[PDB]
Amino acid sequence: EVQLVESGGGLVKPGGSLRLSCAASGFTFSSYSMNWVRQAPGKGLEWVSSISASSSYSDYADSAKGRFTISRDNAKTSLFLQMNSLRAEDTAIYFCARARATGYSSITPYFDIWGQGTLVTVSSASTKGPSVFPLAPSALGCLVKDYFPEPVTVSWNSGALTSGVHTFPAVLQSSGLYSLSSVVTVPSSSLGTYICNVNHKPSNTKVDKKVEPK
């Protein structure tokens, strides 16, 4: 089956270096030009670099020029992106893509196969446990304030309150840390107990706060 599988994504500090690898299978790898495309969180697609079937031609976006070097090994059917001098704006999901070009009226490459992408996170921040403060029912919830990295799960009443609950998306602050909120709607007569179950698997932290009125 035609498949591309990226690897090598992880956390890195501004000025650091990472090498991404794409394992290609299911097709004649040496027949195709290959590309890297990236997508910052909540942003649009951005072409990064290309390499020709036998590495004769390579090209890079202005942002990657000098810092990034694309390469391939047709023997192992693998593509690689060497990223150096990484900055925070390089935080993105990096996709590996097979290119095609009909070459009838122009040479305009399209990308017909994409890998699922690996996440590259560039931050001066380090893994941090979350601090959970309660949202006072006076709609009840619990707010996680500053944690790192992003992965964070919030349940209520050990999963009993599965209906009537929404865990919001996280927000990155100038601090470089993350904050989430989980809300619950219950009868204002059912006050007299709901517990806010939180898990920051990255830091191996599990907080179980309870919500109570002022």
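The first residue of the sequence shown is number 1, and the count goes up from there.
- The gap between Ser138 and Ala139 holds 4 to 9 unmodelled residues of the deposited sequence.
- Look at the mean CA B-factor for 101 to 109 and for 87 to 95 in the entry; the higher one is 87 to 95.
- Set 198 to 206 against 17 to 25 and average the Cα temperature factors; 198 to 206 ends up higher.
- When the Cα B-factors of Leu119, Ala125, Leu79, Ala75 are read from the PDB record, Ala125 comes out highest.
- Between the residues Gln39, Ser52, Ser63, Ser174, it is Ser174 that shows the highest Cα B-factor in the PDB record.
- Per the PDB record, residue ranking by Cα B-factor puts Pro169 in the middle third of the chain.
- For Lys145, the recorded CA B-factor ranks within the highest third of the chain. Only modelled residues enter the ranking.
- Placement of the Cα temperature factor of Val186 within the chain: highest third of the modelled residues, per the deposited record.
- Per-chain ranking of the deposited C-alpha B factor places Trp156 in the highest third.
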